[PDB]
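Each number in the authors' numbering comes from the position in the sequence shown (counting from 1) with 1 added on. Below is one structure, written out as structure tokens; the observations come after it.
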Amino acid sequence: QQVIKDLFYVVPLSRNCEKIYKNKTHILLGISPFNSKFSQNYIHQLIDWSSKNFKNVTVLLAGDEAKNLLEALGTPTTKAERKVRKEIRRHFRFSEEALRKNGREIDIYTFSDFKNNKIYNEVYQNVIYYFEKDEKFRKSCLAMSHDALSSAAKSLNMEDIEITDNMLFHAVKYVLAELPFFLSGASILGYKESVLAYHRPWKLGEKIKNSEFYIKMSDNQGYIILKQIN
Ligand SMILES: CCCC[C@H](O)CO
């Protein structure tokens, strides 16, 4: 079906991201936890479209720091850990279904699956260094934390909770743990090049692409926004 091939219109972060996208080497599908967008049918659309368009497809699920999102919203730690595991198992099941249907390898990971990967750890250490040492970079990281907390609360019916600094700093551990895949996902995984794909703009990525930080995306790493249009 060519309806499936055209299921999404692609908006690249940069012209470099567009070239990586048009190379079609690899797409990494970012599945956010505690986000109403990622229903079973949406995850199916993502993988159906990706399987018809890219040579290699990988799905990225949230790792352990996803519990920090729930904690910052009040959830006690063991209930939060339990709900993360249920959320991740749900994402995995829906992702596995669609990949199996497309005759694709079940290439699904969490961002916590790479603690013995040198690329992940070195990029993570760079992210932490500049979070601590560059207030400009820290401010952008905390804004990403705000976005993740706002989206979680709305999807869990908690827009009545004010978002404080200590909430932001607790949740930003989620942001820092996922960012190495924004910056170097292809090199972490072992592909020549890759685009991380998501449905919302990445404003910190726009600043990185404007040369505003010592933090850089890898030359073989891009970011694309997927939109659906009639
Ligand atoms: C599991 C990490 C999700 C990545 C998405 O782009 C949202 O951060």
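We put the beta carbon where it would ideally sit given N, CA and C, even for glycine.
Of the residues the options, the one placed nearest residue i, counting alpha carbons only
i       : options                               : result
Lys-193 : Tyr-125, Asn-24, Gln-2 and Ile-5      : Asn-24
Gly-186 : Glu-66, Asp-114, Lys-6 and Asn-103    : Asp-114
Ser-156 : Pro-34, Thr-78, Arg-16 and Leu-227    : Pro-34
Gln-222 : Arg-16, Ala-144 and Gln-229           : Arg-16
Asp-148 : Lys-134, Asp-220, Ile-107 and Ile-164 : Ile-164
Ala-73  : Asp-7, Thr-26 and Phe-170             : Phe-170
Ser-188 : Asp-161, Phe-93, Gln-229 and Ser-219  : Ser-219
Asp-7   : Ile-48, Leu-14 and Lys-20             : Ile-48
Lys-56  : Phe-9, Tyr-22, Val-128 and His-45     : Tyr-22
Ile-225 : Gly-206, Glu-213 and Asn-211          : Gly-206
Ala-67  : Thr-59, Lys-80 and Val-58             : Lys-80
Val-58  : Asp-161, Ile-107 and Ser-212          : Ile-107
Contacts around residue i, its chain only, beta-carbon distance under 7 Å, and the 5 residues preceding and following it disregarded
i       : result
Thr-111 : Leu-62, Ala-63, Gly-64 and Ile-89
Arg-139 : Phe-132
Own chain residues within Cβ distance below 6 Å of residue i, not counting five before or after
i       : result
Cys-142 : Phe-132, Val-173 and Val-176
Residues near residue i by beta carbon distance below 8 Å, same chain, minus five either side
i       : result
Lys-38  : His-200
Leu-150 : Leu-70, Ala-73, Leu-74, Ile-164, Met-168, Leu-169 and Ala-172
Per-residue DSSP class, three states only, for residue i
i       : result
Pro-13  : strand
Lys-217 : coil
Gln-222 : strand
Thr-76  : coil
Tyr-110 : strand
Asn-54  : helix
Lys-87  : helix
Buried/exposed call for residue i, threshold 16 Cβ in 10 Å
i       : result
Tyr-215 : exposed
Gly-104 : exposed
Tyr-121 : buried
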